[PDB]
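This report concerns only the one structure given below.
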Amino acid sequence: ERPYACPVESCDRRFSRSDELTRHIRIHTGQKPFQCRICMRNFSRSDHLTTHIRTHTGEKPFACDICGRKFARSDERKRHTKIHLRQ
DNA sequence: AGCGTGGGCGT
DNA sequence: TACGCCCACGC
Ligand SMILES: [Zn+2]
Ligand SMILES: [Zn+2]
Ligand SMILES: [Zn+2]
């Protein structure tokens with residue numbers, strides 16, 4: 001089962017790993033340790049900060065295998081690729 | 001479309 | 001524990 005439960009009285013979510021609960025607590029504490037150097041916006045997660053910066057830089061590492069169109073995030077590419085399916 | 005952001009991991 | 005993938009869900 002999931003032994004790590006959120007100690008917040010209003011929350012009843014559970015987790016299987018320690019660090020996942022630790023990350024979840026930041027939702028309640030509102031902790032946002034990672035800041036964008038460009039627009040000074042704060043983020044709760046380092047990886048989400050990385051993808052956010054691409055909105056400023058215009059970096060798009062992920063290209064569609066079918067047409068070559070580039071995207072800032074991998075899930076953006078995945079959502080796109082399926083449109084080449086014409087049933 | 002553009003993108004915030006939590007969840008579920010693997011390392 | 002932190003780091004950073006994929007993956008979802010949502011607007
Ligand atoms: Zn909670
Ligand atoms: Zn920014
Ligand atoms: Zn394409």
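What's counted below: heavy atoms across the whole structure, side chains too, no hydrogens, waters or symmetry copies. Counting convention: from 1, in listed order, for ligands and their atoms alike. In what follows, every chain begins at residue 1, and chains take the letters A, B, ... in the order their sequences are listed.
- For the Zn ion (ligand 2), the nearby protein N/O/S atoms, meaning those under 2.8 Å, are A/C36 SG, A/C39 SG, A/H52 NE2, A/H56 NE2.
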Distance-only check: which donor-acceptor pairs under 3.5 Å involve side-chain atoms of residues 57-72 of chain A, not counting sequence neighbours?
from, atom 1, to, atom 2, distance (Å)
A/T57, OG1, A/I53, O, 3.4
A/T57, OG1, A/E59, N, 3.2
A/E59, OE1, A/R54, NE, 3.4

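- Not a single donor-acceptor pair under 3.5 Å links the side chain of A/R41 to the backbone N or O of A/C36.
- The backbone N or O of A/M40 lies less than 3.5 Å from a partner atom in the side chain of A/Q35, making a donor-acceptor pair.
- Rounding to the nearest 0.5 Å places CZ of A/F34 at 8.0 Å from CG of A/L49.
- Under the rule for a ring-ring contact (aromatic ring centres under 6.0 Å, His included), A/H48 has no partner lying at least two apart in sequence or in another chain.
- Note that NE2 of A/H56 and CD1 of A/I38 are 5.0 Å apart. Values are rounded to the nearest 0.5 Å.
- Between the side chain of A/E76 and the backbone N or O of A/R73, at least one donor-acceptor pair lies under 3.5 Å.
- Rounding to 10 degrees, one finds that the Zn ion (ligand 1) sits at the corner of an angle of 110° between A/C6 SG and A/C11 SG.
- Inside a sphere of radius 2.8 Å centred on the Zn ion (ligand 3), the protein N/O/S atoms present are A/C64 SG, A/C67 SG, A/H80 NE2, A/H84 NE2.
- Expressed to the nearest 0.5 Å, how far OG1 of A/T29 lies from NE2 of A/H24 amounts to 10.0 Å.
- Note: A/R26 CZ to A/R23 CZ = 8.5 Å, rounded to the nearest 0.5 Å.
- The OG atom of A/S18 sits 5.0 Å away from atom OH of A/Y4, with the distance rounded to the nearest 0.5 Å.
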